[PDB]
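Written out below as structure tokens is the structure these notes cover.
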Amino acid sequence: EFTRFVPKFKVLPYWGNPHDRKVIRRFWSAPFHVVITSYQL
DNA sequence: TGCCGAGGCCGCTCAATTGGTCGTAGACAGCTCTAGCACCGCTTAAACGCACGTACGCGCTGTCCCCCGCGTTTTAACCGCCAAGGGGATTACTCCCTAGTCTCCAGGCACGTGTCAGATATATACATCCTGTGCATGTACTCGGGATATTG
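Right under this line is the structure:
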């Protein structure tokens with residue numbers, strides 16, 4: 585929905601393996625305009 | 001009474017192990033070496049093991065004779081404990097430096113041969129050093145009496 589309606593923005597996943605979470609934390613260590629997250633994380 | 005508050009059972013979601021499947025890369029097993037030099041077989045003249053009273057050396061033996069063992073219990077603090085406090089050993093993160101890879105590149109030297117000598121072995125003659133024996137004292141010991149040190 586972000587990619588179809590607002591290609592003006594850039595979006596970060598934040599779920600899955602601890603490795604992928606740890607890696608993504610480097611990219612938001622603000623062109624990381626929005627992050628998508630789950631309650632359980 | 002009331003209310004409710006506190007109370008006790010059951011599907012998500014994530015996070016190690018566990019076991020499974022993929023594909024690919026040297027390293028293992030094996031072949032033929034081949035090649036050669038050790039194992040063998042065959043003699044020989046050779047050393048050294050070995051089955052075997054007797055002199056006799058000492059391993060084992062029958063006695064008595066005593067401390068250190070054997071037994072008791074008081075106590076004495078040794079040793080254990082628990083609980084608290086402080087920090088320092090620990091954890092999790094970010095930056096950082098080099099460990100490690102490969103690659104090129106040389107010559108140092110460990111490798112190898114090529115000759116043949118000063119070395120040490122072996123014999124005979126032998127003298128001498130060294131062992132086994134026999135043989136005095138000199139001390140290091142065991143005891144008794146008193147002085148100094150140290151525990152309670």
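Reading the first sequence from the start, the letters are residues 585 to 613, 622 to 633 in UniProt numbering. C-beta atoms are modelled at their ideal positions from N, C-alpha and C, and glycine is treated no differently.
Can you tell me the Cα-Cα spacing of residue i and residue j, whole angstroms?
{"i": "residue 611", "j": "residue 631", "result": "21 Å"}
{"i": "residue 601", "j": "residue 624", "result": "20 Å"}
{"i": "residue 595", "j": "residue 608", "result": "11 Å"}
{"i": "residue 599", "j": "residue 589", "result": "23 Å"}
Span of the alpha helix (DSSP H) holding residue i?
{"i": "residue 603", "result": "602-611"}
{"i": "residue 586", "result": "586-589"}
DSSP beta-bridge partners for residue i?
{"i": "residue 596", "result": "627"}
Just checking my contact of residue i with residue j at CB under 8 Å: how many whole Å lie between their CB atoms?
{"i": "residue 627", "j": "residue 593", "result": "So it is not a contact: roughly 11 Å between Cβ atoms."}
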